[PDB]
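Colleague: Heads up: the protein sequence lines correspond to chains AR, AI, AP, BR, AZ, AL, AB and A3, in order.
Residue numbering for the first sequence follows PDB author numbering, beginning at 1 and increasing consecutively.
Residue numbering for the second sequence follows PDB author numbering, beginning at 25 and increasing consecutively.
Residue numbering for the third sequence follows PDB author numbering, beginning at 147 and increasing consecutively.
Residue numbering for the fourth sequence follows PDB author numbering, beginning at 37 and increasing consecutively.
Residue numbering for the fifth sequence follows PDB author numbering, beginning at 5 and increasing consecutively.
Residue numbering for the sixth sequence follows PDB author numbering, beginning at 119 and increasing consecutively.
Residue numbering for the seventh sequence follows PDB author numbering, beginning at 31 and increasing consecutively.
Residue numbering for the eighth sequence follows PDB author numbering, beginning at 21 and increasing consecutively.
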Amino acid sequence: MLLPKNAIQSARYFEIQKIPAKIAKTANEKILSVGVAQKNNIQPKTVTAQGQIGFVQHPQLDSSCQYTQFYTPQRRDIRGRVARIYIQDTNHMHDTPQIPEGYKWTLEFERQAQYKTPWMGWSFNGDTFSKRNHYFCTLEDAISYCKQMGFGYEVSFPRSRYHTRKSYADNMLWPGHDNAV
Amino acid sequence: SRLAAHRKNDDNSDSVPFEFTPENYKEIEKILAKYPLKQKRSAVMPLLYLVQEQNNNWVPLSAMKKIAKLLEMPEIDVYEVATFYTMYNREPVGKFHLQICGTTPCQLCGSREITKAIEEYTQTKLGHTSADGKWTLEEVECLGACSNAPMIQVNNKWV
Amino acid sequence: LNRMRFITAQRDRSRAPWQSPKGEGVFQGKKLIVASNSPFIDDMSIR
Amino acid sequence: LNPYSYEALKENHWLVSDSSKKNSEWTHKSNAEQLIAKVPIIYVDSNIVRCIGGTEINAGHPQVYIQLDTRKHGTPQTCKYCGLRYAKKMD
Amino acid sequence: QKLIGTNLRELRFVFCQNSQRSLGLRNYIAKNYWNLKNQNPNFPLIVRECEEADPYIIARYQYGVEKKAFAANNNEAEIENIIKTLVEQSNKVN
Amino acid sequence: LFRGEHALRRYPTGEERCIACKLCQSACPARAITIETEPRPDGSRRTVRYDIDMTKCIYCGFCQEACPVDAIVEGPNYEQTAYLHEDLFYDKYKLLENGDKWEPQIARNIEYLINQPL
Amino acid sequence: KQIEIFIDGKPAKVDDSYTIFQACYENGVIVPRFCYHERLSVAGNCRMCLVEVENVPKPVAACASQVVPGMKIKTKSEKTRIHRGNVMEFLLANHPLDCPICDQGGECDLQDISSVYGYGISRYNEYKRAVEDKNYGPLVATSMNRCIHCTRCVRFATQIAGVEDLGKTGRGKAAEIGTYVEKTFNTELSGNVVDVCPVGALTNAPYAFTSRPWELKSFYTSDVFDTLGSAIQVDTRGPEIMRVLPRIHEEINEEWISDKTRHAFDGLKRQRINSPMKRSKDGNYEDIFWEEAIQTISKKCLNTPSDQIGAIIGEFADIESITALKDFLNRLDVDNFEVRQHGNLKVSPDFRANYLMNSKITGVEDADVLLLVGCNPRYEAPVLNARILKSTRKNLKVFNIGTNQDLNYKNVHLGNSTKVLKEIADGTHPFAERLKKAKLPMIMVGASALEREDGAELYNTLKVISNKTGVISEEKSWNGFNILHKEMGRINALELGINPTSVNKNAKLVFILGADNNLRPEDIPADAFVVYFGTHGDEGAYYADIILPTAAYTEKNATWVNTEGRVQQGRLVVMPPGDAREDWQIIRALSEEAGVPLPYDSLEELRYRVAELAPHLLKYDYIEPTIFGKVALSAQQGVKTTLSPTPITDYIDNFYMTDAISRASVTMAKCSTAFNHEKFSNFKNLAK
Amino acid sequence: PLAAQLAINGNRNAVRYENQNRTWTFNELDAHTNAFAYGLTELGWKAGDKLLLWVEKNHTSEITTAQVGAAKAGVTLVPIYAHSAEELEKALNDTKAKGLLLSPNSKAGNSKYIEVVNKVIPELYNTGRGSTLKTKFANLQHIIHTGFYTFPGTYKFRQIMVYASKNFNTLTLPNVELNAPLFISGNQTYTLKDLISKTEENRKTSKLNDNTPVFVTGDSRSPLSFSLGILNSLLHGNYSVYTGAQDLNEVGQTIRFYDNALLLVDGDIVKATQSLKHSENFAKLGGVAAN
Ligand code: SF4
Ligand code: SF4
Ligand code: SF4
Ligand code: SF4
Ligand code: FES
Ligand code: FES
Ligand SMILES: [Zn+2]
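(1) Heavy atom of ligand 4 less than 6 Å from the Cβ of residue 177 (chain AB), yes or no?
(2) Examine ligand 7 and report whether any of its heavy atoms sits within less than 6 Å of the Cβ of residue 118 (chain BR).
(3) Check the DSSP bridge columns for residue 65 (chain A3) and list the partner residues they point to.
(4) Can you give me the C-alpha to C-alpha distance between residue 638 (chain AB) and residue 49 (chain AB), rounded to a whole angstrom?
(5) Looking at the structure shown, is residue 35 (chain AR) part of a helix, part of a strand, or coil, going by DSSP?
(6) Kindly confirm or deny that the stretch 78-87 of chain AZ and the stretch 193-203 of chain AL touch, where touching means at least three C-beta pairs closer than 8 Å.
(7) Going straight from the alpha carbon of residue 124 (chain AI) to that of residue 278 (chain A3), what length do you get?
(8) Take residue 211 (chain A3) as the anchor and find which of 227 (chain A3), 91 (chain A3), 250 (chain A3), 32 (chain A3) has the nearest alpha-carbon.
(9) Can you tell me where the alpha helix (DSSP H) with residue 256 (chain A3) in it begins and where it stops?
(10) Under a Cβ-count criterion, where at least 16 other Cβ atoms within 10 Å of its own Cβ denotes burial, should residue 64 (chain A3) be classed as buried or exposed?
(11) When the distance is taken between beta carbons, is residue 374 (chain AB) closer than 7 Å to residue 533 (chain AB)?
(12) Curious, which full-length alpha helix (DSSP H) runs of at least 4 residues does the stretch 174-258 of chain AB contain?
(13) Evaluate residue 576 (chain AB) with the Cβ neighbour count: other Cβ atoms within 10 Å of its Cβ, from every protein chain shown; 16 or more gives buried, anything less gives exposed.
(14) Between the alpha carbons of residue 19 (chain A3) and residue 116 (chain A3), how many angstroms are there, rounded?
(15) Are the stretch 157-167 of chain AL and the stretch 65-72 of chain BR touching by the rule of at least three beta carbon pairs closer than 8 Å?
(16) Where residue 159 (chain AB) and residue 26 (chain AI) are concerned, what is the direct C-alpha to C-alpha distance, given to the nearest angstrom?
(17) DSSP three-state call for residue 621 (chain AB): helix, strand or coil?
(18) Can you name the start and end residues of the alpha helix (DSSP H) that residue 70 (chain AI) belongs to?
(19) Along chain BR, which residues have their Cβ under 8 Å away from the Cβ of residue 158 (chain AB)?
(20) Could you compute how far the alpha carbon of residue 132 (chain AI) sits from the alpha carbon of residue 154 (chain AB)?
(21) Following a CB-centred definition, is residue 13 (chain BR) positioned closer than 6 Å to any heavy atom of ligand 7?
(22) Under DSSP, the beta strand (DSSP E) around residue 74 (chain AZ) begins and ends at which residues?
(23) The alpha helix (DSSP H) with residue 28 (chain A3) in it runs from where to where?
(24) Identify whether residue 121 (chain AI) lies in helix, strand or coil by the three-state DSSP scheme.
(25) Over what stretch of residues does the beta strand (DSSP E) that includes residue 47 (chain AR) continue unbroken?
(26) Tell me where the beta strand (DSSP E) around residue 340 (chain AB) begins and ends.
(27) At a Cβ cut of 9 Å, what residues of the stretch 39-70 of chain AI count as close to chain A3, listed as they run along the chain?
(28) Runs of 4 residues minimum, wholly inside the stretch 389-459 of chain AB: which ones carry the alpha helix (DSSP H) assignment?
(29) Residue 96 (chain BR) to residue 270 (chain AB), Cα distance in whole Å?
(30) What residue range does the beta strand (DSSP E) around residue 594 (chain AB) cover?
(31) Can you round the beta-carbon distance between residue 11 (chain AZ) and residue 94 (chain AZ) to whole angstroms, since I take them to be within the 8 Å contact cut?
(32) Examine chain AL for any beta-carbon lying closer than 7 Å to the beta-carbon of residue 56 (chain BR), and answer yes or no.
(33) Could you please give the first and the last residue of the uninterrupted beta strand (DSSP E) stretch that includes residue 77 (chain AZ)?
(34) Taking C-alpha atoms, which residue in 578 (chain AB), 288 (chain AB), 671 (chain AB) lies nearest to residue 325 (chain AB)?
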C-alpha cells in the first residue's frame, strides 16, 4: 500500500496525483466565480498518501472519463456521482480479526432510497450501484479509477495511534519522599 | 470463605454499624507509623485483623468500608484483599472455628481419622457449621508443624 | 386485512412518525400544551 | 407492579416485562414463552447444574453449565438456550 | 469611517496570514480593526484567514447585495481608498 | 437425509429451539433467510421475524447443517405446491406450524441421524 | 538507541524502548493478545503473546518484554506454535459453549485466534466453571462465564476513567472480576467497557440480540451530540442504524466516546417529522404538500415587512443550512438571526480566535495549570474530561470557579461567584501570582457563562485577566484562552459570522431552524407566524404554524465545525425519513418561490458560496491557524467590566437528556431512570 | 466549640443518614459545613441574616448541613410549616428573610413547593440568567431548592456550596458567637448557648451517656431534634442516626444493630405508622424520648 518514495516518476503518475482546477461553466458557477477561484487556490495541489487535508473533487466529465461503462440509455445517474475514498480500519470491538482490515483504500458511494416492502418487510434499494464498496491497493489507483470513470471524489486521510513508550516497569513507580510538597 | 462476592445477608447489610474502639485507633496509629506515611495502603491486613478481633471473628462490609475510608483507598481494593486472603471470615462463624490440616503429611499421619472423630463428636459435617452457633469445621492447608501432624488450629490463634 | 398493523410496525422499527395533536387543544400563547406520552416515569421530578 | 418502574426494570434487566405473556404471541409470533412458563423450577442439589436440552448430546443445545450458588440463596437461574429454570435445593 | 454602520450592513476581509500578496490588507486590519470597531460599535466586521487565499474585501450593503474588491498587493493607503469608496458607494447602490 | 420443506422445531417443553445466531442466514447460499431478533420480555434471545423465501432458496440443507441447536430442519414434506407466489414466502408462523405438524417423523429421522455417529 | 534484531531471520532496527510486540507490529508481523492494550497498562496475565527466543529457554511474553540486541525471535517456529496452542487450550478450558448466543460471535478475537493459531480440537471433557451474572445497568449486559480474567475492564475503569469499582475479587479458578457489592457501573464512559472487553463477557445491552457483525455496513462520520466532536463509525443493516462505535482519532477522539453519543442515535428512530404540516387556529395539525407549504410561506414573507422578521438558530444547524438561511434573510433584508431575548451568547463573531478554543483539544496535555469557569467537562465532552484526567495525573493542576462537580480528578475550588473573578482581575487574588508563575496556563469557559446577562462583562474580565497573567503570551507563543460551546449550530453560526447578540425584540414572522432548547411561550409573540424546520416534535413543533421536516446529522451530507475550530464533513448514512428534505434545499426552494433565487442549486455550488463567505471551511479535518488572536482578545479601555454577585452554574441537569434526539430516545430514558437517583448528590465526593 | 471532636479524634464516625444511606465522619461533616458557610459568606450572608427552611423530612443531610453551616456563619434559620401559598407569603413578609432554602419536589396540598414559590413570586419565571431578584419583599435575595432539576431565579444546594482551598481561600469565617440567635421556632428564639444547655439537660434527664447512639425520626428542623442529634454528636462526640420519613418498621430494622440506643420519635411518624410488625427489634432500645 506504499511503494518506495519517488519509485514511480511517470507523467501519467504525476497527472494522477495532480487534481484539475474547475472552470466556471454554469451560470451559478459564473456568479460564484470568486468562490471557484478561492477553492482552486486553497485546495491541495496534489494528492498523496502522506497528505493530511481532506478535500472534495468535482466529477470531471471530460474526454478522460471515456472508459466509463455505467452510462447507458436506461441508467444515466451513475456517472458524475461523488464517492468517498478512505481507509477502513478494524472495528474497535476486536483487535485481532481473522481477516484484518486497513491494508487497502475503500471507495464508497452514498446509499440512495432504502425501503422495507409491505408484503414481507424485506429491504429494497432504489439503486443497486452503491451496495458493495470498491477496494484498491493504493490511493493513486483509486484516484486514477475515479478519473477514468468520471466520478467525483472526496478523500479522507487515515488517522492512527501515536506511538508511546511501553514497559512493564511503569506499573511500579516510586511516588517520592513523604515530606515532598 | 465460600463465595467470591458479597453474600446477601440481613445481618451483613450496609446499614450494620461499626466503629473502632480507642484502643483499636491507637493500634491503627501505631501501624501507620510503622508503615511509610504516604504508603497508607499497606495497612489493610492489620486493619482487617483488628476488625476481626473487635467483632465476633469476622469482618463486616461496613467495617471494610470504614477501613477503606480511613486508609483513603478504594473500597474495591479492600474487597479484593479480603476475598483473596482466606483467613478473613467475611461471614459470622461459630464459637470454635476448628481448622483441620489436610495436606499430604497430615493425611499420611491420619488426618481423615481425626476429621471423622471431630465430626462424630460435634454432630456436624465438614465445612458446615453446627446448628447452634458453637462449632464451625473447616479443612485447611499446611499449617506448618507437619512433623507434629495430625494438627488443627482454633480461631487462627491456637495450634 | 390486518396488513396495516404489520406495515406500521415495520415502518416504526426504523422510524416512528410523531403523533401530532388533533382537534381542539389548549394554547399558551403560541404553543400547544400536550401531556408527555413517554411511558417512563420522571422519578427525579416526582421525588 | 408497573412494568416501566425502576424496580421492575432492575428486576427484569432493564426490559419492559409482560406479566400476561400475551404480547409475545404477536411480537415473536409464538406462544413459546407461555408454554415454557408452565414448567416449574427444577431443584438440583449440586451448586453447578449441567444442561444439554435433552437426553443425549446432539439431541438438544450445546452442553452448558449454570451456577446455582447465587449470592442470594435460592435464586433461580434460567438456561440461555432453553427457558428451564434451575435452583439449588437449599436445606 | 463613522458612517459605516448606516451605509453598509456588513464588512468582511478574507485573506491569507502568511502571504506577501495579502501582507498589506493583513497589516491594515491588524492596525485599524479596533479603530473601526470603536467608530462603529455594533457593525459587523468579519475577518477570515486562509492559507494561499486571494485578498478580498466584501461589503454587504442591503437586500443581499454585496461588492467584492480585489486587494492583492495593495498598500495600506490603497486599502483605505478601497474601503472609503465601498462605504461611499452605498448611496448609489441603494 | 431427504431435504424437503423448511420447518422450525421446539423443545419437548414447548420452548423454541431457535436462538437468533443467524448462522443459518449466513450459510444460506441463496440469501433466502431473513432474520430479525429482539429480546423477549422474559429476557430470552428469540427472533421476532424469521422468513424463508422458498422460491429464492435452493434445497441444499446448509441451514439445518449450520443450525447448532437443530432449530431449522428441512423435513421430508415435498408436496408443497402453491398457486400464489405469496404462499411461498414462508413466515415464522408457517415454519412453526410445519414443525408442529411434522415433529413426529422429523424426530424419528433425527434419532437415527444422531445415533449413527455413536 | 537503534538496535538490530531478527524476526524470523528478517533484519530489523528498533529503539531500545520498543517491546517485542511493538517491534513485531512495526515490522508487520501480528502477534495474538488478549490482555495487552495500547492505551492501558502492561499486564502479563493471558500470556497468549508468548514467542520463541533462541537464547531464552522459557517462552517470552512479547507484550511485557523489551527487545535486546541480537535477539533471535522465531514467531513461525514449531515451539511458538506449541506455546500458542497450549495457551489457547488453557483459555478455552472452562469457557462456556455460548458462541451462538454470544453477541460477539462475529467479532470474537478469541475465536479468530483459536482458528488461526490454536488447536482445532479440545481435550477438556469435564464440568466447566460457572459464574453468577452481575447487574451493571441498562448499558452493559454481563455474562461472566465468558470472562477470561484479563483485567482489561478493571484497567480501563481505573486508568481511563476515575471510577474505581471493578476488581479481581477472589483467588484461584474461583476469582471473579467485577464489583464485590451489587451496584451499577454508571460511569459516563461505560460504553467503552464493552469495546475493551474482548470475550463478550460485557456487551452492549441496548444492542444485544439485534444483529451480527457480518451483516453490517460501516460509515465513518463525526459526532454532533457534543460540541467537542468525535470520530465515529455508524453500522447499518439497510435503513436501520445500530451500534455506533468510536474510531481512532487521537487529536479529538482518542479512541473513546461518551455514552450520550454512543446510545442517543435511538432518538432518530421515533418522533420523526415525515411531512410538511400546518396547524389551524383550533390546533388541529394537518399534512400538506411541499408546494403548498412553500407557497404559503413565500406569501407570508412577501406580505411581512422585513422589519418584523426574525430567526432562531437550532442546536444541530450545519454550515450549509445556516448559509442558506443567512442568504435568504439577507435577500429579504432580514439581518436579525435571534428572537430569544432571555439568553444570548455574548461574543463577537469577527475573529475566530475570540469565539474558538485557541489551544486545541491537545492543549491540556501541554498546559501546566487549567482554570475552568462554569464548565463541567464530565457532563459536557466526557472524552475531554478523560484527557484532562490524564493530563492532571501526568503534570497538570486544575482550578474551578463555579459549581463543585464530581470530577474524576482532584480540583481546587476557588469559588462560585463573580467575586473571585473581580479579585483576580484586580490582581489581589493569589491565583494571579499563581498564573504568572505557571507556564502555558489555560482558561476554559463554558458557553453558559458568556450567555449570562453580564456575559460581555465576564468576557472582558477574562480577556484582561488573560492579558495580565500571560495566558496569551507572545514569547511563549501560547494562547490558552478557550471557550467550550454547547451548540454546534451556534458554533457554525459564529463561523459563518452571524452575530449572536442581534435579537429582534418584536418579530411578526419567526423562522425556527430546528431549535428546541430554551424556547418559552414568552419568546414567541401571540400574533406571530412561525415556520419551524425540524426533525423531532418534542419541542418547537408546538410553537410552529408551519412545520417542515429536515435531515439529521446521519442523513445530511454537510459540514460541521467543532468547539476547537476543526472543520469535519458529516456524511450521509441513510436518506431522510419519509418526505423529509434537506434544509438547505428547502431554503433554496423557498427563496425561488418567494422570488429571490439563491446562486447555488447543488452541494458543490453551496460549498462555493461557503468558500466565498469563509474559505477556511473547505479544508476538512483541519484547523486553520489565526494570527489575530492577540488583537481579538486584547482588553479595551473603558469597558464596563462590572460583574453581578450571583453564582456561576452549569446548564446541564440530566446528562442523558440534553437535546431533542436524546429526549426522544428510549435508551437515554432508561439510563436516566437508572442513574439520575444514584448520581444525584448535593455534596462533593471528598474521596477524590 | 464545634471542633473539639476534630481535635480529639476526627476519624470517628459523626452522623448516619439511613434514609439516603450515607455516613459522615467528623472531618467530612466539618468540611461540608465549612463549604456551606463559605458559600453563604461569598454570596454575602452576614451575621443575623435570615434563612427560611422549607425542606421535608427526607432531606435530613441537607437540613443538618444547613443548620451547622448557619451556626458557624452566624446566620439565623427560621423553619416554616406552610402548606399554602398564603401561609408562605405571610411568613416571608413577617420574617423579611434574606434567603429561602426549600425542597421543590415536596407536595403541599395540590401543588408542589416549587410551584407555590413561583406563584408567590411570578418574577422568578422571567428573571434573567445571573440576575439579582427584584421581588415585592425587597429582601428575599436568595432562593435555593434541594432538587435535581433547576429553575429560573433559583440555585441548587451544591451550586451554593463553596469548598474553600487550603492556599487559595480569600474568604473569612466570623468567629461563632454563642449568644447569636440560630433557630427561630414559632415566637421563641433559641441561641447556640441555649441549645447547648438544652442538650445537656436532655442528656442528664435521659441518662444519655457518651457511647449511647442517638436516633432521630422525622423532621430534623425541630430545635429538640437539632439539640439531641448533630449538635449532641459535635459536643459530646456521640453518634447520631437520622431516619427521616422512615416509618417505625424500618426505624426498628435499623435499630436492631444498635444497642441501648436512644430514640426520638415524631408524632407525625407515629400517626403514619399503623403498628410494629416486629416488636423484637426494639427489645434493647435502652431509652425512648418524645419531641
Ligand atoms: S435449503 Fe439451503 S437455500 Fe433453502 S433455506 Fe435452507 S439453507 Fe437456505
Ligand atoms: S434456525 Fe438455527 S442457525 Fe438459524 S438462527 Fe435459529 S438457531 Fe440459529
Ligand atoms: S466470547 Fe466465548 S461464547 Fe462468545 S463468541 Fe467468543 S468463544 Fe464464543
Ligand atoms: S470482564 Fe471482559 S475485560 Fe473484564 S476481565 Fe473479564 S474478559 Fe477481561
Ligand atoms: S502438614 Fe499439617 S500443618 Fe503442614
Ligand atoms: S498480551 Fe502478552 S500476556 Fe497478554
Ligand atoms: Zn438448556
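Note that CB positions come from ideal geometry on N, CA and C, so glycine has one too.
Modeller: According to the structure shown:
(1) Indeed, a heavy atom of ligand 4 lies less than 6 Å from the Cβ.
(2) Yes, Cβ of residue 118 (chain BR) sits closer than 6 Å to a heavy atom of ligand 7.
(3) Answer is none; residue 65 (chain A3) lacks a bridge partner.
(4) Looking at the two C-alpha atoms, the distance is approximately 50 Å.
(5) Here residue 35 (chain AR) carries a helix assignment [DSSP, helix/strand/coil].
(6) Verdict: no, contact absent.
(7) Here the alpha carbon of residue 124 (chain AI) sits roughly 35 Å from the alpha carbon of residue 278 (chain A3).
(8) If we check each option's Cα against that of residue 211 (chain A3), 91 (chain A3) comes out closest.
(9) Per DSSP, residue 256 (chain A3) belongs to the alpha helix (DSSP H) from 252-256.
(10) Classification of residue 64 (chain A3): exposed, given that the 10 Å Cβ count is below 16.
(11) By the CB criterion at 7 Å, residue 533 (chain AB) and residue 374 (chain AB) fall inside the cutoff.
(12) The alpha helix (DSSP H) runs lying completely inside the stretch 174-258 of chain AB and spanning 4 residues or more are 182-185, 221-226, given in chain order.
(13) Counting other Cβ atoms within 10 Å of its Cβ, residue 576 (chain AB) reaches 16 or more and is therefore classed as buried.
(14) With chain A3 represented from 21 up to 311, any question about residue 19 (chain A3) goes unanswered, as that position is not in the structure.
(15) Touching, yes.
(16) Spanning the alpha carbons of residue 159 (chain AB) and residue 26 (chain AI) requires a straight line of approximately 15 Å.
(17) Residue 621 (chain AB) falls in the helix class under three-state DSSP.
(18) Note, residue 70 (chain AI): alpha helix (DSSP H), 68-78.
(19) Within chain BR, the residues near residue 158 (chain AB) are 101.
(20) When rounded, the distance between both Cα atoms is 31 Å.
(21) Because chain BR is modelled from 37 through 127, residue 13 (chain BR) falls outside the range shown and cannot be assessed.
(22) Per DSSP, residue 74 (chain AZ) belongs to the beta strand (DSSP E) from 69-74.
(23) Under the DSSP assignment, residue 28 (chain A3) falls in the alpha helix (DSSP H) whose first and last residues are 24-29.
(24) Reduced to three states, the DSSP call for residue 121 (chain AI) is strand.
(25) Element bounds for residue 47 (chain AR): n/a, residue is neither H nor E.
(26) Note, residue 340 (chain AB): beta strand (DSSP E), 339-343.
(27) Those residues of the stretch 39-70 of chain AI that come within reach of chain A3 (Cβ to Cβ, closer than 9 Å) are 39, 40, 41, 42, 43, 44, 46, 49, 52.
(28) Listed in chain order, the alpha helix (DSSP H) runs fully inside the stretch 389-459 of chain AB are 412-425, 449-456, counting runs of at least 4 residues.
(29) Residue 96 (chain BR) and residue 270 (chain AB) have their alpha carbons spaced roughly 34 Å apart.
(30) Looking at the DSSP string, residue 594 (chain AB) is not in any beta strand (DSSP E), and its letter there is neither H nor E.
(31) Sure, about 4 Å apart at Cβ, within 8 Å.
(32) Not a single C-beta of chain AL is nearer than 7 Å to the C-beta of residue 56 (chain BR).
(33) DSSP places residue 77 (chain AZ) in no beta strand (DSSP E); its state is neither H nor E.
(34) When only C-alpha atoms are compared, the closest one is 578 (chain AB).
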